[PDB]
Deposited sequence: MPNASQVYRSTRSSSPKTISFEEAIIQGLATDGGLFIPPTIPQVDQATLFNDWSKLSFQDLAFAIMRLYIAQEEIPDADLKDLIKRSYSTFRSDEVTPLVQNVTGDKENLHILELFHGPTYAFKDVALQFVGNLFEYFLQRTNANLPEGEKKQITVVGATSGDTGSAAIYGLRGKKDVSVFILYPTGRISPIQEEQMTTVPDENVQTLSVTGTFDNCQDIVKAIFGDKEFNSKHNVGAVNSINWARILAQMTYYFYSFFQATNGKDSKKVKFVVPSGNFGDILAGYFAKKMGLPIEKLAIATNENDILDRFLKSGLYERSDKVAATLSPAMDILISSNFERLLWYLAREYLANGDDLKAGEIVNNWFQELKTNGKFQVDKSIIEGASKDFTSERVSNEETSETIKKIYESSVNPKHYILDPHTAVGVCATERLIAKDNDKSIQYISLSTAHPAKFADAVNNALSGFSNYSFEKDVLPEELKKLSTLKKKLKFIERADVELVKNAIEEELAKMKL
């Protein structure tokens, strides 16, 4: 392994580094930090435009991943299989198709559709890959056990809506793995529950906890904190390294789609963000050599990131404002820490990986004490060389859905889900003030409109031609309400009960 195929915790001050496999399985680091490659792999322009520009999503995934995963940890054959199977469940031949010049040619507004996977939400790109990864690593281990005493993992977590769907489809049917996901009853919209409870696979079982969602965090954090509950318990996270790694593929893919042939090789990505993982993957591609403009962070009212990038003050809010784009409604952007490590390393530790861990660890300590920390101007100045940000209100979110519906040209009446809207809204603000329409704008569409009907309906009610059922709801998604659900209620937030239900895996899990 080279400096890019080795990993360390953003909070560690030790010279020690672990393997890819270990970073992946461990998930979060013992000290609470996140894993990251101390050295970002460098790809030269020649290779980018002579060899990578001609590759398919899957082949790029291989080229990119070979840079962070050593041959020893995962051979070419095995890795190419993981990729092939991971993306074979995508309804688009391209996996992540770029829809170019949606609004005509007065500007260059491209929408990168990342919702063609099993659950119609962009988290499939990561989770399909990670799930297969887990199965692969767990398998090799057990490949020595004696059909008995063979380890088995059990992922457990709570869902406020969609998040869980992605995990369920990425772990469904994977050998020696089981997924138990708690969710507040009646608090989960129909379509999100249908995706979860519909899947036939046995290794999956959702729990309809009667209570609140913030109730489920504790009714599961307890099971998590453990007790005599040691048998290998998995975790439902957003900070796994494999996640970031999988998400890098489509930035490269779409970049080439937007520039191959064309004379303008200038492209700017606008990414509706929550926990920063998605856009952070774009950061990595940028540092690897992708010659792109500043990455645009688009957020909804929960603007912890927009505020930070503007003041250097990373302060957690008290209230989680409700918005039309729920999946970005967060108090603290978890992966942001990863960026802070690289920032701290370049502008405060003069390259010292270890002083960077010290610095980051103290910052997240101040957070867990004053709920806010200040960074030196050199940090925000360093971040502003690669990032721009925009805050999008609900009014603007809805109005953008309406504007694009009327405004779209290729195709006509293009419907946006609210999360993508937040992004297109920011994308349009940028087109306005960038003063360079030659720039290729690629706005990330993180969810298919059908996943958030309400926002789409309430914004397109004002059109006689609009019909959710005729223009949005996908046939494959229409069958859901008609498939057999596998519910399992748990009345009262009884941690003791959540435990018991989990235990009933009927031996044959």
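Of the deposited sequence, positions 1, 232 to 233, 513 to 514 lack any modelled C-alpha atom.
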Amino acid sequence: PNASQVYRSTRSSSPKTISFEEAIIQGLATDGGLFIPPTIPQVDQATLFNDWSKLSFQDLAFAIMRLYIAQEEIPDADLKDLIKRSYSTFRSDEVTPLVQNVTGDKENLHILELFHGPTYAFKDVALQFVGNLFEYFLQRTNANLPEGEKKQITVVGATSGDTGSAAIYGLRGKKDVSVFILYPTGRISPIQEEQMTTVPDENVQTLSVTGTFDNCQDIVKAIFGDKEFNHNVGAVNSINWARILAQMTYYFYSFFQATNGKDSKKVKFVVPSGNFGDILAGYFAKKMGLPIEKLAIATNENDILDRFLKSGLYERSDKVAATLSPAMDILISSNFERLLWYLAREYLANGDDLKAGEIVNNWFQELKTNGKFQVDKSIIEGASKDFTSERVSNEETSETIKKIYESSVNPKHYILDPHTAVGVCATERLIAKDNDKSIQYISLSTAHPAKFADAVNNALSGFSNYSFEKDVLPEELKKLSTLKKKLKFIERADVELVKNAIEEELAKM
From here on, numbers count along this sequence of modelled residues.
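As recorded in the PDB entry, 191 to 199 is the stretch of 428 to 436 and 191 to 199 with the greater mean C-alpha temperature factor. The deposited model assigns a higher average Cα B-factor to 178 to 186 than to the other stretch when 338 to 346 and 178 to 186 are compared. Across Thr249, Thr159, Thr388, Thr323, the entry's maximum B-factor at the CA atom is seen for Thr159. For the set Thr141, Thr96, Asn108, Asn240, the PDB entry assigns the largest Cα B-factor to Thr141. Ranked against the other modelled residues of its chain, the C-alpha B-factor of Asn500 as given in the entry falls in the highest third. Among the modelled residues of its chain, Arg91 has a C-alpha B-factor that falls in the middle third, as given in the PDB entry. Ranked by C-alpha B-factor against the other modelled residues of its chain, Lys150 falls in the highest third. In this PDB entry, the Cα temperature factor of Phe373 sits in the top third of its chain's modelled residues, the highest group. In the PDB entry, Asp226 places in the highest third of its chain by CA B-factor.
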